[PDB]
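Take a look at this single chain in structure tokens; it is the form deposited in one PDB entry.
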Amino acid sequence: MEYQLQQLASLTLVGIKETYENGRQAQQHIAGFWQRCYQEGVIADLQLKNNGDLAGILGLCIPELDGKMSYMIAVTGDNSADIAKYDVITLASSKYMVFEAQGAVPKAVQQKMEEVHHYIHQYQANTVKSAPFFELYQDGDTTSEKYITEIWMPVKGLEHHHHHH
């Protein structure tokens, strides 16, 4: 499968985080969460705030300690803002395997994701389960079947994988 290696320094993310029972339940409600965020003007507001560290809006899947799964819609933002209403988190530095989904959101993303999970099955010692993974949505028309969504999966010690020697 095609992917690019990218690295990120520590980042501050601003947005809204919701929590669901598990991965399956999250998929049922994520589309709704996005719909609610757009309708209430949250997306527009968050878009004003990105300092440009990452281009776009992020949809992060965050594992919770009790087995629950959280989803956060956010942008990379500056710490120096009052920022009372929004949820804020620090995304720890990491290296990632970055994949692309070409197509209309979100079906193109879901199908690409099933594929990604299957592919990373072979990199069990390198993937980081407790670490957040995310979809990055750049400016553009989601509807177009030429639209590209980036999927960022965090990894550790990937250089040591035998397939790379």
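The term rigid core refers to the most C-alpha atoms you can superpose between the two forms while keeping them within 1.5 Å. For every residue, the number given is its place in the sequence shown, counted from 1.
Keep in mind that the form solved in complex with a small molecule is missing from the display, and what follows is about it.
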query: In the deposited complex, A131 touching the small molecule (heavy atom, 4.5 Å); finding: yes
query: Non-hydrogen atom contact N50 with the small molecule in the deposited complex at 4.5 angstroms; finding: no
query: Distance check, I120 to the small molecule in the deposited complex, heavy atom within 4.5 Å; finding: yes
query: Partner proximity in the deposited complex: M153 to the small molecule, non-hydrogen atom cutoff 4.5 Å; finding: yes
query: Core-aligned C-alpha movement of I83 between the shown form and the other one, 2 Å or more; finding: yes
